[PDB]
Each structure stands twice: as C-alpha cells, then as structure tokens.
Amino acid sequence: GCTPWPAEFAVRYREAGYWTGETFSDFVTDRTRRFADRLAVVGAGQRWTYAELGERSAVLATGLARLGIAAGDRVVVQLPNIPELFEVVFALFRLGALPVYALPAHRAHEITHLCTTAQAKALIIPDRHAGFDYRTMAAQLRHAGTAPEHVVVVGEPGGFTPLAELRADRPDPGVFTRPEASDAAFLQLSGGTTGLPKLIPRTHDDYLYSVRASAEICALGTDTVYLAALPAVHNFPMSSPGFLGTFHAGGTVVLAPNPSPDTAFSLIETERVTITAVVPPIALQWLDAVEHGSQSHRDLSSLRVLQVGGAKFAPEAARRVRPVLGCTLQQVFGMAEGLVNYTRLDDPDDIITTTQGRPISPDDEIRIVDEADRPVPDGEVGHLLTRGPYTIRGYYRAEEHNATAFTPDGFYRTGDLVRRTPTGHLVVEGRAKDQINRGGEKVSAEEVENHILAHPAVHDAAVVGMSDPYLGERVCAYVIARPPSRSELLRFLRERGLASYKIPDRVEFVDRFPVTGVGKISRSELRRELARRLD
Ligand SMILES: Nc1ncnc2c1ncn2[C@@H]1O[C@H](COP(=O)(O)OC(=O)c2cccc(O)c2O)[C@@H](O)[C@H]1O
C-alpha cells in the first residue's frame, strides 16, 4: 500500500548520490563494527559501547525470529527513552522487519489504529511509564480483539512476553535478512489533521539520506554527545539529526528520562552533551531556569548547539539562547512526511533568530502558492508545497486522503503558511490545516470533537486552539450539552483512549457557540471564529 517515487526521480536521486543503496541492516552491522570500542548509549544506569549494542541487537533479533517475527512483518514499538529502545530497533532492522513507531503519550485509540492498520505481528511496550500501565492497555486491545498476537514487555511482564525471553538464544545471523533499500524500512505517524492519523512509510534510501545529510549540516562526529530530550522515536530526535545521525557519525546518545531543566541540565553537566533538540516550551523552561536563578550554577559549557523545532519559536526568545545558555541556536522546521529545514550553524544571528532554516537537499523543491496553486511573489506568505528525495509521495493505505494531500505531479501539501527569504530560508507564519500545535504536539480538532460527541450528555462540540505564550496553543473545547462535569468529560475522554496531549486544556459549556451565523458557516469556519475569540 505504498506510493513509489517515479522512476525518473529515483534515477536522479541515485545518480546524485542521495540514495546510496545502504539498508538499515547494513547500517547496524557497519556502524557497530566501525565504532565498536566507542560509547554508543548512556541511559538508565547503562553504558553500552557500539560493540555491546551490536551484540545485544543480534541476540534480540534471534529471539524475535524465534518468536515468529519475519522479514516484512510490522512491529509496533512504543518505548520511553530507555536503552532497550535502541537494542529493539536495531534488532528489528537486522531481521528486515518494520518498526511502527508510537510515542509514549499515545493511548489505546492511536495504538489500536496502528496495530490494525499496519497488521502488526507484535507490540513492544514498557510495563509502566509516567503513571500509565501499558500492560493494561495491551490487555484492553486483547479483550477487544485488536491486539497483536505477540506483546513484549520491558520491565515486569504481567502475563505477556518478557523482553528477557528474547535474549535466551545465542546470535544466529542465519535468521537475519537484508531488504532492498527502496523498500519501506519502518512506518511512523503523521501529526494528524482529520479523524485519524495517517501512517507514513519511509524507505532505507530516503531516510538514511536525510540522516547522513543532517549529520553533516549539524557537524556531528565521534565527539558528538547527543541528548535525547524529546521522545526518541519522533522524527525530530530520531533523524534531524537525532540518534540515527549520532550513530551514523559514531557519537554518544544520552537518554533523558524527562526534559525538566533539573534532569536535562544534570545530564548535560555529567555527560558533557554537545547538542540536543527541544520544542519551544522546553526551550523557554530551560532559559527561564538559568536566567532567573534556579539553575544559574549549572555548567552547560559543553553544549554547542541547541536545536529548537516542532513549533514556532519567537525571535524574542530565540535571541536569549546564546546570551543565557552560551550556545548556538539552530531552528529546525521539519515534518514526518519528509522536508526538514535547518538554520545553518554559520548563519548570522539575525537569520538564526528570525528564520526556521532552509532545506536539507538541493533537490528539495519548494513551491509557495496561493489558494489556486499559483506561486506568490517571492517574499509573500502562501501555502507550502514540497517535493524531494526524502519526502513521501503518499500515505500508507490512504488512497482517498492521498488524492487530497498530494498534487497530481507529486507535491506534498504541508498545510503550512510560510514565506521565503532571499537566502532560501523559510519563515513559518501560519497554518492552513485543521491542527492545533500544542507546543510541538499535534492535535486534530475533528478527532477530539468526534470523541466528545460520543459522550451521551453532549449535543454538539467545537475544538479550537487558544493562544498561549509558552505552547503557542492550548486546546479549548466548546461543548453544547442537551451538561456533564468538566472532570467527568475529561475522564470519559481518557477512557476513550485519546492520547494524553489531545485532552482539552479548557472546557467551556455553552447553550450555543458564541459566534454569529452558526447554521450558516462550515465547521472549519466555526473553529476559526471561535479561535479568533480566544486571541
Ligand atoms: N520550527 C517550526 N516552526 C513552526 N512549525 C513547525 C516547526 N517544525 C515543525 N513545525 C510544524 O510541525 C509540522 C510537522 O510535525 P511533525 O510531523 O511532528 O514533525 C516535526 O515537528 C519536526 C520538526 C523538526 C525536525 C523534524 O525532522 C520533524 O519531524 C509542520 O508541518 C509544522 O506545522
């Protein structure tokens, strides 16, 4: 159910050296041999060399093959920032199996969607993380008939398969498989705009291209110490340049269990982190913690680059990074569907602090168009369309949606409103898609509304973003009840299985939506008007 690049583009990208033919199977073997003696992973009291990560992943791949996982099978991986993540992912790559990445904040709704859509053979989870019991979630899917036939638990397994059972056998390279580099290597989740998130297939050639190129843009090497402050399987901390870029270059990946200033600064001090990636709300927390005293003592001198991305970062705050934290800001405007934009580490500070960067590739095609797909004069704001060597041509098994998300000639409709500077840098100025961006976590208004409408006491509902100085937007729900408690409504939404960050920050019960002409405007227009009230 994947959509391939046209043959002429594929030829172009291989001839240009973007698509090298290397697979993630090749990657695991080559990087763990090339950097064997170096420190690869620091986390949860563990310190693994590249050699140890190689041996551990070979053992785990043998165990997954014994379990029944074969080349081409999909395996949903929903693990927190713990070292087991890497050994699990590498092991799946050794087998030619496809990780399907879920984030720790995802819940029964999203996980059911991923398992059923990807027809996943296994689900890999922790026992508990941040108060949530993933074993109970997996048992809920089993009870409903939607769970993978194999559930593997890191920690205390309950009645599921403990991860340790997959380490029982010595390595057997006979069970490994090398796929084709043009095959999908894994699936990940899109931010989401309609009722359900779409799955994104990424191939070995295109993803590894974006990783190698990002590693070069971000000056990674064996001296790199990358702090994974964000959930490590998200596109940003995974490939931009993320932990994959760090492994490609031979550096050390340090796992932060949470992004709080105390935890993160302690790791930066101890492990001498050189680069990390955060969303703007976390950046603001770190800046305030240092500038206004609480963490002024911390030694952050090893930090060379602070990446901030996923949501808009105001120039006012961007200007504080070098003076407060002593490092270079890098803005990163990317998307799970492909295109990633970086400010360059040698750009002047006005470009660094006022733009969201320029694309990775010379073959990243950028069209900024009006409502009739006509290009706008250079410098004006318009809809961003993009096409390139690591941007998909379609979502997984989503042909109806693909008809609308891509133009006939293969440009992806990002849903972003941007303008272009004379140097090619982009400035993110708005959005056109139905999608509240809560400090980097994306919430579809239509999805939350659909779940709210499922409540018996509710007659209508409209979900809109409310401007927020830290998060950009919080989630506000207007609800017309034929009303239930606010606490009770949020409880029902948690019982529905909605991701943690999709639960509304604010609920306002109303006899009618406080806008003029409710029966005469579309739902999208309604949300725009309501949100205008809240700014
Ligand atoms: N600097 C920015 N300013 C404004 N909006 C931004 C933004 N950086 C993303 N955004 C919004 O986030 C959407 C994509 O979201 P996502 O799939 O989560 O990926 C990511 O955030 C992501 C980020 C960096 C690198 C990477 O490799 C990623 O995958 C965009 O289209 C836009 O709306």
# chains A, B, ... in the order shown; residues from 1 in each chain; ligands from 1
$ residues_around --residues "region 16-26 of chain A" --least-positions-apart "2" --cutoff "9 Å" --atoms "only C-alpha atoms" --output "PyMOL selection string"
chain A and resi 10-14+28-31+90-96+176-182+185+203-206+208-210+213+361+389
$ residues_near_ligand --ligand "ligand 1" --cutoff "7 Å" --atoms "only C-alpha atoms and all ligand atoms" --output "number ranges by chain"
A: 190-191, 234-236, 239-240, 308-313, 331-337, 340, 356, 414-416, 428, 431, 440-442
$ write_last_selection --atoms "N, CA and C atoms" --output "PDB file, in the first residue's frame"
ATOM      1  N   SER A 190       1.837  10.457  11.231  1.00  0.00           N
ATOM      2  CA  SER A 190       1.761  11.867  10.898  1.00  0.00           C
ATOM      3  C   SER A 190       1.162  12.639  12.066  1.00  0.00           C
ATOM      4  N   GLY A 191       1.381  13.953  12.058  1.00  0.00           N
ATOM      5  CA  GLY A 191       0.777  14.791  13.076  1.00  0.00           C
ATOM      6  C   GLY A 191      -0.726  14.606  13.163  1.00  0.00           C
ATOM      7  N   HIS A 234      10.344  10.099  17.818  1.00  0.00           N
ATOM      8  CA  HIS A 234       9.779  11.134  16.971  1.00  0.00           C
ATOM      9  C   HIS A 234      10.790  11.528  15.893  1.00  0.00           C
ATOM     10  N   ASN A 235      10.275  11.913  14.721  1.00  0.00           N
ATOM     11  CA  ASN A 235      11.140  12.205  13.577  1.00  0.00           C
ATOM     12  C   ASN A 235      12.281  13.157  13.940  1.00  0.00           C
ATOM     13  N   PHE A 236      11.982  14.181  14.738  1.00  0.00           N
ATOM     14  CA  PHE A 236      12.964  15.213  15.072  1.00  0.00           C
ATOM     15  C   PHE A 236      14.137  14.649  15.873  1.00  0.00           C
ATOM     16  N   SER A 239      16.024  11.655  13.576  1.00  0.00           N
ATOM     17  CA  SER A 239      16.769  11.830  12.334  1.00  0.00           C
ATOM     18  C   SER A 239      17.237  13.244  12.008  1.00  0.00           C
ATOM     19  N   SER A 240      16.969  14.252  12.838  1.00  0.00           N
ATOM     20  CA  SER A 240      17.203  15.647  12.455  1.00  0.00           C
ATOM     21  C   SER A 240      18.152  16.385  13.399  1.00  0.00           C
ATOM     22  N   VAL A 308      15.906  23.901  18.304  1.00  0.00           N
ATOM     23  CA  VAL A 308      14.528  24.151  18.715  1.00  0.00           C
ATOM     24  C   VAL A 308      13.637  24.006  17.487  1.00  0.00           C
ATOM     25  N   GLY A 309      12.632  23.140  17.579  1.00  0.00           N
ATOM     26  CA  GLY A 309      11.765  22.873  16.450  1.00  0.00           C
ATOM     27  C   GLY A 309      10.457  22.249  16.883  1.00  0.00           C
ATOM     28  N   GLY A 310       9.632  21.913  15.890  1.00  0.00           N
ATOM     29  CA  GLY A 310       8.345  21.294  16.111  1.00  0.00           C
ATOM     30  C   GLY A 310       7.195  22.275  16.232  1.00  0.00           C
ATOM     31  N   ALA A 311       7.489  23.508  16.645  1.00  0.00           N
ATOM     32  CA  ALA A 311       6.511  24.576  16.792  1.00  0.00           C
ATOM     33  C   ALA A 311       7.255  25.896  16.663  1.00  0.00           C
ATOM     34  N   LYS A 312       6.494  26.974  16.484  1.00  0.00           N
ATOM     35  CA  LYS A 312       7.084  28.284  16.246  1.00  0.00           C
ATOM     36  C   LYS A 312       7.842  28.782  17.476  1.00  0.00           C
ATOM     37  N   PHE A 313       9.040  29.325  17.246  1.00  0.00           N
ATOM     38  CA  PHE A 313       9.932  29.838  18.284  1.00  0.00           C
ATOM     39  C   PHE A 313      10.140  31.325  18.025  1.00  0.00           C
ATOM     40  N   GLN A 331      17.412  26.504  14.491  1.00  0.00           N
ATOM     41  CA  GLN A 331      15.989  26.270  14.312  1.00  0.00           C
ATOM     42  C   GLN A 331      15.793  25.164  13.289  1.00  0.00           C
ATOM     43  N   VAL A 332      14.815  24.308  13.551  1.00  0.00           N
ATOM     44  CA  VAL A 332      14.567  23.134  12.735  1.00  0.00           C
ATOM     45  C   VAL A 332      13.071  23.071  12.480  1.00  0.00           C
ATOM     46  N   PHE A 333      12.685  23.221  11.217  1.00  0.00           N
ATOM     47  CA  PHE A 333      11.297  23.154  10.766  1.00  0.00           C
ATOM     48  C   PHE A 333      11.219  21.929   9.865  1.00  0.00           C
ATOM     49  N   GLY A 334      10.682  20.832  10.391  1.00  0.00           N
ATOM     50  CA  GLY A 334      10.613  19.586   9.656  1.00  0.00           C
ATOM     51  C   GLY A 334       9.240  18.958   9.768  1.00  0.00           C
ATOM     52  N   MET A 335       9.103  17.799   9.128  1.00  0.00           N
ATOM     53  CA  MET A 335       7.850  17.075   9.223  1.00  0.00           C
ATOM     54  C   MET A 335       8.107  15.596   8.985  1.00  0.00           C
ATOM     55  N   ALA A 336       7.287  14.757   9.622  1.00  0.00           N
ATOM     56  CA  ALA A 336       7.425  13.311   9.481  1.00  0.00           C
ATOM     57  C   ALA A 336       7.248  12.852   8.039  1.00  0.00           C
ATOM     58  N   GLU A 337       6.543  13.634   7.215  1.00  0.00           N
ATOM     59  CA  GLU A 337       6.316  13.280   5.818  1.00  0.00           C
ATOM     60  C   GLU A 337       7.550  13.496   4.954  1.00  0.00           C
ATOM     61  N   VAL A 340      12.794  18.693   5.831  1.00  0.00           N
ATOM     62  CA  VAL A 340      13.406  19.244   7.034  1.00  0.00           C
ATOM     63  C   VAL A 340      14.248  20.453   6.641  1.00  0.00           C
ATOM     64  N   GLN A 356      13.245  29.867  10.226  1.00  0.00           N
ATOM     65  CA  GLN A 356      13.190  28.445  10.536  1.00  0.00           C
ATOM     66  C   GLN A 356      14.038  27.602   9.577  1.00  0.00           C
ATOM     67  N   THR A 414       1.881  20.569   2.634  1.00  0.00           N
ATOM     68  CA  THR A 414       2.278  20.527   4.042  1.00  0.00           C
ATOM     69  C   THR A 414       1.193  21.069   4.963  1.00  0.00           C
ATOM     70  N   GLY A 415       0.346  21.967   4.468  1.00  0.00           N
ATOM     71  CA  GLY A 415      -0.605  22.652   5.321  1.00  0.00           C
ATOM     72  C   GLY A 415      -0.033  23.817   6.093  1.00  0.00           C
ATOM     73  N   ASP A 416       1.197  24.201   5.808  1.00  0.00           N
ATOM     74  CA  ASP A 416       1.843  25.308   6.482  1.00  0.00           C
ATOM     75  C   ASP A 416       1.769  26.563   5.627  1.00  0.00           C
ATOM     76  N   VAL A 428       7.988  30.438   9.141  1.00  0.00           N
ATOM     77  CA  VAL A 428       6.670  29.848   9.351  1.00  0.00           C
ATOM     78  C   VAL A 428       5.761  30.909   9.964  1.00  0.00           C
ATOM     79  N   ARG A 431      -0.756  28.372   9.642  1.00  0.00           N
ATOM     80  CA  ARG A 431      -1.103  27.049   9.154  1.00  0.00           C
ATOM     81  C   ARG A 431      -2.463  27.111   8.483  1.00  0.00           C
ATOM     82  N   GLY A 440       4.378  21.715  20.050  1.00  0.00           N
ATOM     83  CA  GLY A 440       5.025  20.678  19.275  1.00  0.00           C
ATOM     84  C   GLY A 440       4.216  19.410  19.129  1.00  0.00           C
ATOM     85  N   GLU A 441       3.257  19.170  20.016  1.00  0.00           N
ATOM     86  CA  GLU A 441       2.398  18.001  19.904  1.00  0.00           C
ATOM     87  C   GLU A 441       1.140  18.387  19.135  1.00  0.00           C
ATOM     88  N   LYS A 442       0.806  17.605  18.111  1.00  0.00           N
ATOM     89  CA  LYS A 442      -0.242  17.980  17.167  1.00  0.00           C
ATOM     90  C   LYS A 442      -1.567  17.330  17.552  1.00  0.00           C
TER      91      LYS A 442
END
$ residues_around --residues "residue 381 (chain A)" --least-positions-apart "2" --cutoff "8 Å" --atoms "only C-alpha atoms" --output "list in words"
residues 368, 376, 379, 383, 417, 418, 419, 420 and 429 of chain A
$ closest_atom_pairs --of "region 271-354 of chain A" --to "region 250-267 of chain A" --cutoff "10 Å" --atoms "only C-alpha atoms" --output "Markdown table"
| residue | atom | partner | partner_atom | distance |
| --- | --- | --- | --- | --- |
| A:271 | CA | A:267 | CA | 5.7 |
| A:272 | CA | A:267 | CA | 7.5 |
| A:273 | CA | A:267 | CA | 7.4 |
| A:274 | CA | A:252 | CA | 9.8 |
| A:276 | CA | A:254 | CA | 9.5 |
| A:278 | CA | A:259 | CA | 8.3 |
| A:279 | CA | A:259 | CA | 10.0 |
| A:282 | CA | A:259 | CA | 7.0 |
| A:283 | CA | A:261 | CA | 9.3 |
| A:285 | CA | A:261 | CA | 6.9 |
| A:286 | CA | A:261 | CA | 5.4 |
| A:287 | CA | A:261 | CA | 9.0 |
| A:288 | CA | A:261 | CA | 9.4 |
| A:289 | CA | A:261 | CA | 6.8 |
| A:290 | CA | A:261 | CA | 8.7 |
| A:294 | CA | A:262 | CA | 9.3 |
| A:295 | CA | A:262 | CA | 7.5 |
| A:298 | CA | A:265 | CA | 6.7 |
| A:299 | CA | A:265 | CA | 8.0 |
| A:300 | CA | A:265 | CA | 7.2 |
$ atom_distance --atom1 "CA of residue 57 (chain A)" --atom2 "CA of residue 85 (chain A)"
10.3 Å
$ atom_distance --atom1 "CA of residue 157 (chain A)" --atom2 "CA of residue 126 (chain A)"
8.4 Å
$ decode --residues "region 277-309 of chain A" --atoms "N, CA and C atoms" --output "mmCIF file, in the first residue's frame"
data_model
loop_
_atom_site.group_PDB
_atom_site.id
_atom_site.type_symbol
_atom_site.label_atom_id
_atom_site.label_comp_id
_atom_site.auth_asym_id
_atom_site.auth_seq_id
_atom_site.Cartn_x
_atom_site.Cartn_y
_atom_site.Cartn_z
ATOM 1 N N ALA A 277 18.012 18.547 21.172
ATOM 2 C CA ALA A 277 16.854 19.038 20.431
ATOM 3 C C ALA A 277 15.660 19.148 21.366
ATOM 4 N N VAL A 278 14.953 20.284 21.316
ATOM 5 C CA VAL A 278 13.795 20.521 22.179
ATOM 6 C C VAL A 278 12.716 21.256 21.392
ATOM 7 N N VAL A 279 11.510 21.261 21.957
ATOM 8 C CA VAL A 279 10.396 22.058 21.440
ATOM 9 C C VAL A 279 10.404 23.403 22.163
ATOM 10 N N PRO A 280 9.728 24.424 21.650
ATOM 11 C CA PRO A 280 9.877 25.776 22.216
ATOM 12 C C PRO A 280 9.500 25.855 23.690
ATOM 13 N N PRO A 281 8.417 25.209 24.145
ATOM 14 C CA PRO A 281 8.098 25.296 25.589
ATOM 15 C C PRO A 281 9.219 24.797 26.494
ATOM 16 N N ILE A 282 9.910 23.730 26.086
ATOM 17 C CA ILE A 282 11.041 23.238 26.863
ATOM 18 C C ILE A 282 12.197 24.225 26.803
ATOM 19 N N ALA A 283 12.459 24.779 25.616
ATOM 20 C CA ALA A 283 13.484 25.806 25.489
ATOM 21 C C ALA A 283 13.220 26.966 26.438
ATOM 22 N N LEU A 284 11.972 27.430 26.499
ATOM 23 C CA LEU A 284 11.630 28.539 27.383
ATOM 24 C C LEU A 284 11.817 28.156 28.846
ATOM 25 N N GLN A 285 11.441 26.926 29.219
ATOM 26 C CA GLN A 285 11.680 26.490 30.593
ATOM 27 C C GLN A 285 13.163 26.519 30.938
ATOM 28 N N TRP A 286 14.009 26.001 30.040
ATOM 29 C CA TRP A 286 15.452 25.989 30.288
ATOM 30 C C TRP A 286 16.004 27.405 30.400
ATOM 31 N N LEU A 287 15.583 28.281 29.484
ATOM 32 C CA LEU A 287 16.053 29.661 29.500
ATOM 33 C C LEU A 287 15.671 30.354 30.797
ATOM 34 N N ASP A 288 14.410 30.218 31.213
ATOM 35 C CA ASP A 288 13.956 30.844 32.451
ATOM 36 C C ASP A 288 14.677 30.267 33.663
ATOM 37 N N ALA A 289 14.909 28.953 33.659
ATOM 38 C CA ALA A 289 15.570 28.313 34.789
ATOM 39 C C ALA A 289 16.979 28.850 34.978
ATOM 40 N N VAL A 290 17.708 29.074 33.883
ATOM 41 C CA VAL A 290 19.060 29.616 34.008
ATOM 42 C C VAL A 290 19.032 31.120 34.277
ATOM 43 N N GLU A 291 18.276 31.875 33.475
ATOM 44 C CA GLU A 291 18.333 33.331 33.552
ATOM 45 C C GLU A 291 17.805 33.850 34.881
ATOM 46 N N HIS A 292 16.707 33.288 35.376
ATOM 47 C CA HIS A 292 16.072 33.809 36.578
ATOM 48 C C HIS A 292 16.445 33.006 37.822
ATOM 49 N N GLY A 293 17.630 32.381 37.807
ATOM 50 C CA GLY A 293 18.312 31.979 39.024
ATOM 51 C C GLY A 293 18.292 30.516 39.419
ATOM 52 N N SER A 294 17.179 29.825 39.172
ATOM 53 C CA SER A 294 17.001 28.496 39.754
ATOM 54 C C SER A 294 18.150 27.552 39.394
ATOM 55 N N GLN A 295 18.666 27.645 38.169
ATOM 56 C CA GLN A 295 19.692 26.737 37.663
ATOM 57 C C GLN A 295 20.912 27.497 37.148
ATOM 58 N N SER A 296 21.153 28.699 37.674
ATOM 59 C CA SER A 296 22.237 29.543 37.182
ATOM 60 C C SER A 296 23.606 28.905 37.359
ATOM 61 N N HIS A 297 23.741 27.990 38.316
ATOM 62 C CA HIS A 297 25.032 27.408 38.658
ATOM 63 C C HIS A 297 25.480 26.336 37.675
ATOM 64 N N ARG A 298 24.544 25.704 36.970
ATOM 65 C CA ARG A 298 24.868 24.571 36.115
ATOM 66 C C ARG A 298 25.963 24.916 35.115
ATOM 67 N N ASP A 299 26.848 23.950 34.880
ATOM 68 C CA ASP A 299 27.892 24.059 33.863
ATOM 69 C C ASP A 299 27.347 23.486 32.558
ATOM 70 N N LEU A 300 26.930 24.368 31.650
ATOM 71 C CA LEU A 300 26.441 23.954 30.343
ATOM 72 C C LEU A 300 27.452 24.255 29.242
ATOM 73 N N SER A 301 28.735 24.383 29.599
ATOM 74 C CA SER A 301 29.736 24.849 28.647
ATOM 75 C C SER A 301 29.982 23.854 27.519
ATOM 76 N N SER A 302 29.737 22.562 27.740
ATOM 77 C CA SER A 302 29.962 21.598 26.670
ATOM 78 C C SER A 302 28.938 21.734 25.553
ATOM 79 N N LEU A 303 27.775 22.314 25.846
ATOM 80 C CA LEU A 303 26.695 22.406 24.872
ATOM 81 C C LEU A 303 27.087 23.357 23.746
ATOM 82 N N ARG A 304 27.134 22.837 22.522
ATOM 83 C CA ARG A 304 27.486 23.628 21.347
ATOM 84 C C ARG A 304 26.272 24.099 20.561
ATOM 85 N N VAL A 305 25.268 23.240 20.411
ATOM 86 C CA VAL A 305 24.098 23.514 19.587
ATOM 87 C C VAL A 305 22.857 23.142 20.375
ATOM 88 N N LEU A 306 21.903 24.062 20.427
ATOM 89 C CA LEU A 306 20.572 23.794 20.956
ATOM 90 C C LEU A 306 19.602 23.877 19.786
ATOM 91 N N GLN A 307 19.059 22.735 19.374
ATOM 92 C CA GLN A 307 18.047 22.746 18.322
ATOM 93 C C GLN A 307 16.680 23.014 18.928
ATOM 94 N N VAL A 308 15.906 23.901 18.304
ATOM 95 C CA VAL A 308 14.528 24.151 18.715
ATOM 96 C C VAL A 308 13.637 24.006 17.487
ATOM 97 N N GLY A 309 12.632 23.140 17.579
ATOM 98 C CA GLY A 309 11.765 22.873 16.450
ATOM 99 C C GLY A 309 10.457 22.249 16.883
#
